[PDB]
file coords13.pdb (PDB, C-alpha atoms)
ATOM      1  CA  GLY A   1       8.418   7.596  -0.129  1.00  0.00           C
ATOM      2  CA  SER A   2      10.692   4.722   0.909  1.00  0.00           C
ATOM      3  CA  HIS A   3      11.392   6.018   4.407  1.00  0.00           C
ATOM      4  CA  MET A   4       8.983   7.290   7.083  1.00  0.00           C
ATOM      5  CA  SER A   5       5.952   6.647   4.919  1.00  0.00           C
ATOM      6  CA  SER A   6       2.211   6.613   5.817  1.00  0.00           C
ATOM      7  CA  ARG A   7       1.453   5.298   2.311  1.00  0.00           C
ATOM      8  CA  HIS A   8       0.793   1.610   1.842  1.00  0.00           C
ATOM      9  CA  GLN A   9       0.512  -0.190  -1.453  1.00  0.00           C
ATOM     10  CA  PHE A  10      -1.934  -3.146  -1.445  1.00  0.00           C
ATOM     11  CA  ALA A  11      -1.313  -3.824  -5.167  1.00  0.00           C
ATOM     12  CA  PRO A  12      -0.167  -1.813  -8.182  1.00  0.00           C
ATOM     13  CA  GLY A  13      -2.543   1.100  -8.592  1.00  0.00           C
ATOM     14  CA  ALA A  14      -4.128   0.591  -5.129  1.00  0.00           C
ATOM     15  CA  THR A  15      -2.622   2.661  -2.312  1.00  0.00           C
ATOM     16  CA  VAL A  16      -3.800   4.237   0.944  1.00  0.00           C
ATOM     17  CA  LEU A  17      -2.233   7.337   2.547  1.00  0.00           C
ATOM     18  CA  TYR A  18      -3.024   7.458   6.296  1.00  0.00           C
ATOM     19  CA  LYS A  19      -3.411  10.927   7.856  1.00  0.00           C
ATOM     20  CA  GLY A  20      -4.524   9.999  11.330  1.00  0.00           C
ATOM     21  CA  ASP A  21      -8.304   9.595  11.301  1.00  0.00           C
ATOM     22  CA  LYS A  22      -8.439  10.645   7.668  1.00  0.00           C
ATOM     23  CA  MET A  23      -7.249   8.441   4.889  1.00  0.00           C
ATOM     24  CA  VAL A  24      -6.979   8.766   1.127  1.00  0.00           C
ATOM     25  CA  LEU A  25      -7.349   5.747  -1.129  1.00  0.00           C
ATOM     26  CA  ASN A  26      -5.936   6.074  -4.707  1.00  0.00           C
ATOM     27  CA  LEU A  27      -7.351   3.424  -7.026  1.00  0.00           C
ATOM     28  CA  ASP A  28      -6.196   3.186 -10.634  1.00  0.00           C
ATOM     29  CA  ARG A  29      -9.085   1.765 -12.674  1.00  0.00           C
ATOM     30  CA  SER A  30      -6.625   0.716 -15.417  1.00  0.00           C
ATOM     31  CA  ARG A  31      -4.862  -1.623 -12.952  1.00  0.00           C
ATOM     32  CA  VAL A  32      -7.190  -2.589 -10.125  1.00  0.00           C
ATOM     33  CA  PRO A  33      -9.645  -5.441 -10.974  1.00  0.00           C
ATOM     34  CA  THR A  34     -13.020  -4.039 -12.017  1.00  0.00           C
ATOM     35  CA  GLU A  35     -14.766  -6.277  -9.469  1.00  0.00           C
ATOM     36  CA  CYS A  36     -12.827  -4.596  -6.629  1.00  0.00           C
ATOM     37  CA  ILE A  37     -13.745  -1.117  -7.806  1.00  0.00           C
ATOM     38  CA  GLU A  38     -17.432  -2.048  -8.133  1.00  0.00           C
ATOM     39  CA  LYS A  39     -17.572  -3.610  -4.631  1.00  0.00           C
ATOM     40  CA  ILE A  40     -16.129  -0.438  -3.141  1.00  0.00           C
ATOM     41  CA  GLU A  41     -18.433   1.833  -5.142  1.00  0.00           C
ATOM     42  CA  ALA A  42     -21.340  -0.376  -3.927  1.00  0.00           C
ATOM     43  CA  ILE A  43     -20.311   0.077  -0.306  1.00  0.00           C
ATOM     44  CA  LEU A  44     -20.138   3.874  -0.819  1.00  0.00           C
ATOM     45  CA  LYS A  45     -23.560   3.924  -2.523  1.00  0.00           C
ATOM     46  CA  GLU A  46     -25.051   2.190   0.553  1.00  0.00           C
ATOM     47  CA  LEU A  47     -23.668   4.927   2.758  1.00  0.00           C
ATOM     48  CA  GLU A  48     -25.657   7.475   0.745  1.00  0.00           C
TER      49      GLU A  48
ATOM     50  CA  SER B   1     -12.840  20.836 -14.594  1.00  0.00           C
ATOM     51  CA  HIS B   2     -14.816  19.226 -17.436  1.00  0.00           C
ATOM     52  CA  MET B   3     -12.291  16.420 -17.195  1.00  0.00           C
ATOM     53  CA  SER B   4     -13.437  14.984 -13.857  1.00  0.00           C
ATOM     54  CA  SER B   5     -16.236  14.248 -11.384  1.00  0.00           C
ATOM     55  CA  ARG B   6     -16.495  15.048  -7.649  1.00  0.00           C
ATOM     56  CA  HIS B   7     -19.035  13.396  -5.420  1.00  0.00           C
ATOM     57  CA  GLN B   8     -19.975  13.269  -1.760  1.00  0.00           C
ATOM     58  CA  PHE B   9     -21.557  10.070  -0.422  1.00  0.00           C
ATOM     59  CA  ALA B  10     -21.814  11.315   3.164  1.00  0.00           C
ATOM     60  CA  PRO B  11     -19.946  13.853   5.234  1.00  0.00           C
ATOM     61  CA  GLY B  12     -16.394  12.555   5.328  1.00  0.00           C
ATOM     62  CA  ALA B  13     -16.714  10.266   2.317  1.00  0.00           C
ATOM     63  CA  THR B  14     -15.995  11.944  -1.023  1.00  0.00           C
ATOM     64  CA  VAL B  15     -14.494  10.769  -4.304  1.00  0.00           C
ATOM     65  CA  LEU B  16     -12.744  12.480  -7.248  1.00  0.00           C
ATOM     66  CA  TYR B  17     -12.615  10.676 -10.618  1.00  0.00           C
ATOM     67  CA  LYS B  18     -10.122  11.900 -13.249  1.00  0.00           C
ATOM     68  CA  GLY B  19      -8.681   9.858 -16.099  1.00  0.00           C
ATOM     69  CA  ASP B  20      -8.408   6.319 -14.785  1.00  0.00           C
ATOM     70  CA  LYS B  21      -7.922   7.503 -11.229  1.00  0.00           C
ATOM     71  CA  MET B  22     -10.427   7.253  -8.422  1.00  0.00           C
ATOM     72  CA  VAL B  23      -9.376   9.182  -5.284  1.00  0.00           C
ATOM     73  CA  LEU B  24     -11.440   8.389  -2.221  1.00  0.00           C
ATOM     74  CA  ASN B  25     -11.195  10.552   0.868  1.00  0.00           C
ATOM     75  CA  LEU B  26     -12.495   8.878   4.044  1.00  0.00           C
ATOM     76  CA  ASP B  27     -12.720  10.554   7.456  1.00  0.00           C
ATOM     77  CA  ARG B  28     -12.906   7.657   9.840  1.00  0.00           C
ATOM     78  CA  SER B  29     -14.167   9.854  12.661  1.00  0.00           C
ATOM     79  CA  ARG B  30     -17.320  10.491  10.561  1.00  0.00           C
ATOM     80  CA  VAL B  31     -17.783   7.392   8.355  1.00  0.00           C
ATOM     81  CA  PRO B  32     -19.319   4.244   9.922  1.00  0.00           C
ATOM     82  CA  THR B  33     -16.853   1.610  11.071  1.00  0.00           C
ATOM     83  CA  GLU B  34     -18.678  -1.139   9.128  1.00  0.00           C
ATOM     84  CA  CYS B  35     -18.151   0.772   5.885  1.00  0.00           C
ATOM     85  CA  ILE B  36     -14.425   1.291   6.496  1.00  0.00           C
ATOM     86  CA  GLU B  37     -13.997  -2.386   7.474  1.00  0.00           C
ATOM     87  CA  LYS B  38     -15.694  -3.715   4.314  1.00  0.00           C
ATOM     88  CA  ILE B  39     -13.408  -1.547   2.181  1.00  0.00           C
ATOM     89  CA  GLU B  40     -10.285  -2.660   4.067  1.00  0.00           C
ATOM     90  CA  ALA B  41     -11.357  -6.279   3.603  1.00  0.00           C
ATOM     91  CA  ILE B  42     -11.499  -5.748  -0.150  1.00  0.00           C
ATOM     92  CA  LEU B  43      -8.035  -4.128  -0.246  1.00  0.00           C
ATOM     93  CA  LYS B  44      -6.441  -6.927   1.785  1.00  0.00           C
ATOM     94  CA  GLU B  45      -7.749  -9.700  -0.454  1.00  0.00           C
ATOM     95  CA  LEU B  46      -6.102  -7.730  -3.262  1.00  0.00           C
ATOM     96  CA  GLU B  47      -2.725  -8.043  -1.491  1.00  0.00           C
TER      97      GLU B  47
END
call {"tool": "encode", "arguments": {"input": "coords13.pdb", "output": "structure tokens"}}
result
Amino acid sequence: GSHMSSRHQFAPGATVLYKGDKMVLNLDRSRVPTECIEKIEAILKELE
Amino acid sequence: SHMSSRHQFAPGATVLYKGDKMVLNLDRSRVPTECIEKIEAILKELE
């Protein structure tokens, strides 16, 4: 929310909720540049 | 459940896709630092 929030918005449709060590990234493919989504999916693929 | 996908890249790195939304769960105590840093770099350039 607006007060005491662990959620940060980098851009519309791109937010991160911090939960200590764990974090949740919400990415809206209708709003976040496709290039950004692909770069992130590429990084995740490498982890595999 | 036919309206989404769930995938695990490594322990502590899983994603849920539903509609236009991509929800990535990252456990930084289990996912390599390099990986987390490259993702953060991408988000910041977006800012």
call {"tool": "closest_atom_pairs", "arguments": {"input": "coords13.pdb", "of": "chain B", "to": "chain A", "cutoff": "8 Å", "atoms": "all atoms listed in the file", "output": "JSON lines"}}
result
{"residue": "B:9", "atom": "CA", "partner": "A:48", "partner_atom": "CA", "distance": 5.0}
{"residue": "B:10", "atom": "CA", "partner": "A:48", "partner_atom": "CA", "distance": 5.9}
{"residue": "B:13", "atom": "CA", "partner": "A:44", "partner_atom": "CA", "distance": 7.9}
{"residue": "B:20", "atom": "CA", "partner": "A:29", "partner_atom": "CA", "distance": 5.1}
{"residue": "B:21", "atom": "CA", "partner": "A:28", "partner_atom": "CA", "distance": 4.7}
{"residue": "B:22", "atom": "CA", "partner": "A:27", "partner_atom": "CA", "distance": 5.1}
{"residue": "B:23", "atom": "CA", "partner": "A:26", "partner_atom": "CA", "distance": 4.7}
{"residue": "B:24", "atom": "CA", "partner": "A:25", "partner_atom": "CA", "distance": 5.0}
{"residue": "B:25", "atom": "CA", "partner": "A:24", "partner_atom": "CA", "distance": 4.6}
{"residue": "B:26", "atom": "CA", "partner": "A:23", "partner_atom": "CA", "distance": 5.3}
{"residue": "B:27", "atom": "CA", "partner": "A:22", "partner_atom": "CA", "distance": 4.3}
{"residue": "B:28", "atom": "CA", "partner": "A:21", "partner_atom": "CA", "distance": 5.2}
{"residue": "B:29", "atom": "CA", "partner": "A:21", "partner_atom": "CA", "distance": 6.0}
{"residue": "B:35", "atom": "CA", "partner": "A:43", "partner_atom": "CA", "distance": 6.6}
{"residue": "B:38", "atom": "CA", "partner": "A:43", "partner_atom": "CA", "distance": 7.6}
{"residue": "B:39", "atom": "CA", "partner": "A:40", "partner_atom": "CA", "distance": 6.1}
{"residue": "B:42", "atom": "CA", "partner": "A:36", "partner_atom": "CA", "distance": 6.7}
{"residue": "B:43", "atom": "CA", "partner": "A:10", "partner_atom": "CA", "distance": 6.3}
{"residue": "B:44", "atom": "CA", "partner": "A:10", "partner_atom": "CA", "distance": 6.7}
{"residue": "B:46", "atom": "CA", "partner": "A:10", "partner_atom": "CA", "distance": 6.5}
{"residue": "B:47", "atom": "CA", "partner": "A:10", "partner_atom": "CA", "distance": 5.0}
call {"tool": "resolve_selection", "arguments": {"input": "coords13.pdb", "expression": "the PyMOL selection byres ((chain B and resi 3) around 9)", "output": "PyMOL selection string"}}
result
chain B and resi 1-2+4-5+17-19
call {"tool": "atom_distance", "arguments": {"input": "coords13.pdb", "atom1": "atom CA of residue 33 of chain B", "atom2": "atom CA of residue 6 of chain B"}}
result
23.0 Å
call {"tool": "atom_distance", "arguments": {"input": "coords13.pdb", "atom1": "atom CA of residue 8 of chain B", "atom2": "atom CA of residue 30 of chain B"}}
result
12.9 Å
call {"tool": "atom_distance", "arguments": {"input": "coords13.pdb", "atom1": "atom CA of residue 38 of chain A", "atom2": "atom CA of residue 45 of chain B"}}
result
14.5 Å
call {"tool": "decode", "arguments": {"input": "coords13.pdb", "residues": "segment 13-44 of chain A", "atoms": "C-alpha atoms", "output": "tab-separated table (two decimals), in the first residue's frame"}}
result
chain	number	residue	atom	x	y	z
A	13	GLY	CA	3.35	-3.43	-14.52
A	14	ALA	CA	6.78	-4.18	-12.96
A	15	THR	CA	6.82	-4.51	-9.17
A	16	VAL	CA	8.81	-6.42	-6.55
A	17	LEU	CA	7.46	-7.43	-3.12
A	18	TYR	CA	10.35	-8.04	-0.67
A	19	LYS	CA	9.79	-10.72	2.01
A	20	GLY	CA	13.20	-10.83	3.59
A	21	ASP	CA	15.35	-13.26	1.61
A	22	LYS	CA	12.42	-14.13	-0.61
A	23	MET	CA	11.07	-11.77	-3.19
A	24	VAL	CA	8.21	-11.85	-5.67
A	25	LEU	CA	8.46	-10.04	-8.99
A	26	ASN	CA	5.13	-9.29	-10.80
A	27	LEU	CA	5.68	-8.48	-14.47
A	28	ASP	CA	2.77	-7.53	-16.70
A	29	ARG	CA	3.62	-8.64	-20.25
A	30	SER	CA	1.04	-6.17	-21.64
A	31	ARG	CA	3.02	-3.25	-20.15
A	32	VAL	CA	6.65	-4.21	-19.63
A	33	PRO	CA	8.83	-4.00	-22.80
A	34	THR	CA	9.14	-7.41	-24.45
A	35	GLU	CA	12.94	-7.08	-24.49
A	36	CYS	CA	12.98	-6.82	-20.67
A	37	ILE	CA	10.84	-9.92	-20.25
A	38	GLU	CA	13.02	-11.92	-22.67
A	39	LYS	CA	16.28	-10.89	-20.92
A	40	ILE	CA	14.88	-12.05	-17.60
A	41	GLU	CA	13.53	-15.31	-19.03
A	42	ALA	CA	17.01	-15.84	-20.57
A	43	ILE	CA	18.70	-15.38	-17.20
A	44	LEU	CA	16.27	-17.90	-15.63
